[PDB]
Structure formats: C-alpha cells, structure tokens
Amino acid sequence: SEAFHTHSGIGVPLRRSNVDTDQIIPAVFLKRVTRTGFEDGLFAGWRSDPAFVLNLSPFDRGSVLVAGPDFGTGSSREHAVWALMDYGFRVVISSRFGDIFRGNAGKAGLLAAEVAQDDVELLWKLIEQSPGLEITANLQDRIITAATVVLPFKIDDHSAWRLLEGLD
C-alpha cells in the first residue's frame, strides 16, 4: 500500500449520477480470483463508445475522477475500488457517495472526496473547457485545487487515518 497525502493528476469529467457498481466494473469481470489488474473492467460497458470521456486524450490518462452525485450508490463490490485504482485513479470527487463504496475506497488507498455539488459543477466546467487541467487533492488540508479555484472536501477521520498511514 502507499500512503496518501496529496495527489495531482488529470481531472476526468464524468457527468453520470447514481453510478452503480456494475457500471464501474461489470459483473462479467468479477469471476477472476486473482488480484492482477482490473483496469480493463473499469467502465468497460461505457468504454465501448469511442466518445466516452475515458477514451479521449488526455482524459484517458486521468487520475482524478469528478463524478455526479450518488457515485457508487447502493451495494457495491470491492472490485469497484480495485478497478478505479488499477486504472490509475487516486481520487474520486462526488457530492454524495454510496457508503459501502466510500468505506471500501478508504480501506484500499482511494480518496473519496465529498465536495459540494456547486463545486463539482465548477470542476466539470474547468476541466471540460481545458482538457488536461490537473486537479490536486490535499488530504492533510482537506482541499481540492483546480487552477485558481480552491475548495474544501469532507472525509471521515477514520478514512483519513487509513489513507494517510497507508494501511492495508
């Protein structure tokens, strides 16, 4: 495991709300018993469209996902976090997460940063009109930076501990 203190990377604007575990990683990918790379399962159904955001340069090298509300809503699988992480995402931003997802994220090294929806809208606009704009998430200070916009995020303190300490 690696310890999470700050992460900067290309932001990916995903205007999808209420994203369920089987959209994050379809069921057909979770018969694998191994632990090697789940990156090819990440959004695999949606990736069939060449215009899906994650297929477009430079978003295909993104590591900060800016999603709509209710990301990972409902029941979800550990593999959803593994798929995100294996693809290279270290941060997911949403104004509300599913709780099971949110807990799994912190336990696996993924920052699930809760940001007010008005601020999610600003982040989408910035990265949409400047593809490749980096987003920074600073866990010590619990802020997201994009250009000259700086905004707070929330995380529970237990998750923060696990992430900062790099716990398995």
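Parameters at a glance
As presented, residues are numbered from 1 along each chain according to the written sequence, a scheme that may differ from that of the entry, and residues lacking coordinates are left out. No hydrogens and no water enter the side-chain calculation; it runs on all heavy atoms of the structure. The helix and strand labels rest on DSSP assignments: H or I over at least four residues marks a helix, E over at least two residues marks a strand, and numbering proceeds from the N terminus. The quantity called the radius of gyration is restricted to C-alpha atoms. Its globule counterpart is 2.2 Å times the number of residues to the power 0.38. Relative accessibility decides the category of a residue: with a 1.4 Å probe and only protein chains considered, values under 20% of the type maximum give buried, values over 50% give exposed, and everything between is partly exposed. We treat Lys and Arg as the positive residues and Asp and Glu as the negative residues; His and chain ends play no part in the count. Taken as the charge location is NZ of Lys, CZ of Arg, CG of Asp or CD of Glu. Cavities and pockets were defined on a 1 Å grid built from protein atoms only: a cavity is a group of points that admits a 1.4 Å probe but offers it no way out, a pocket is an open group of points flanked by protein on both sides within 12 Å along at least five of seven lines, and a lining residue is one with an atom within 4 Å of any such point. Grid points are joined across faces, edges and corners, and a volume is the space filled by probe spheres set on the points. Any residue outside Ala, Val, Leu, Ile, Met, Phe, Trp, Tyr, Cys, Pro, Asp, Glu, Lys and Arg is labelled polar, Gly included; the first ten of those are nonpolar and the last four are charged. Nonpolar cores are built from buried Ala, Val, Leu, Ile, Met, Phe, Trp, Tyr and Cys residues. Side-chain atoms within 4.5 Å join them into one set. For this analysis, residues touch if any pair of their heavy atoms sits within 4.5 Å. The convention used is that axes are lines fitted to C-alpha atoms, helices contributing only their stretch in contact, and that angles between N-to-C directions extend from 0 to 180 degrees. The scheme is simple: roughly parallel for angles under 35 degrees, roughly antiparallel for over 145, roughly perpendicular for 65 to 115, oblique for anything else. Crossing handedness is defined as follows: a turn of the near helix away from the far one that is anticlockwise and smaller than a right angle gives a left-handed crossing, while the clockwise case is right-handed.

- As summarised from the PDB record, the model derives from X-ray crystallography at a stated resolution of 1.2 Å.

1. Topic: the overall build of the protein
At step 1: The number of helices and strands found in the protein is five helices and seven strands.
At step 2: Since a compact globule built from 168 residues should have a radius of gyration of about 15 Å, the 15 Å found for the protein is in line with a globular shape.
At step 3: Dimensions of the protein, computed from C-alpha atoms along their principal axes, come out at roughly 45 × 35 × 25 Å.
At step 4: Counting over 168 residues, the protein shows a buried share of 45%.
At step 5: Between the mean site of the 16 positive side-chain charges and the mean site of the 22 negative ones, the protein shows a separation of 3 Å.

2. Things to note about the layout of surface pockets
At step 1: As a volume, the largest pocket reaches approximately 220 Å³.
At step 2: As for the largest pocket, its lining consists of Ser1, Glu2, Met85, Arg90, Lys107, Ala108, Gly109, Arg162, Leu163, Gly166, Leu167 and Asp168.
At step 3: When residues of the lining of the largest pocket are traced back to their parent elements, those giving at least two are α3 (99-108) and α5 (157-165).
At step 4: Looking at side-chain class alone, the lining of the largest pocket contains four nonpolar, three polar and five charged residues.

3. Examining the nonpolar core
At step 1: Within the largest apolar cluster, 29 residues are counted, with the highest numbers of intra-cluster contacts made by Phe43, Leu65, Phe71, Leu84 and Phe101.
At step 2: Breaking this core down by element, the ones donating at least two residues are β1 (6-14), β2 (64-67), α2 (78-87) and α3.
At step 3: Counting residues per element, this core draws most heavily on α2, at five residues.
At step 4: Aside from chain neighbours lying at most four places away, what touches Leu84 is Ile24, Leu42, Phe43, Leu65, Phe71, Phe89, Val92, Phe101 and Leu110.
At step 5: With 22 residues, the next largest nonpolar core counts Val64, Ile127, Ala137 and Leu139 among its residues.

4. Digging into the packing of α2 against α3
At step 1: In the contact formed by α2 and α3, the axes pass within 9 Å of each other and the chain directions differ by 50°. Taken together, the axis directions place α2 and α3 in an arrangement best described as oblique. The way α2 lies across α3 gives a crossing that is right-handed. Contacts between α2 and α3 pair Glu78, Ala80, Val81, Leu84 and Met85 from the former with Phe101, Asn104, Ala105 and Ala108 from the latter.
At step 2: Residues that form the contact of α2 with α3 fall into these classes: seven nonpolar, one polar and one charged.

5. Digging into the side chain of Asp119
At step 1: In this fold, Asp119 is placed in helix α4 (residues 117-129).
At step 2: Leaving out residues up to four positions away in the same chain, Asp119 has contacts with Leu151 and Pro152.

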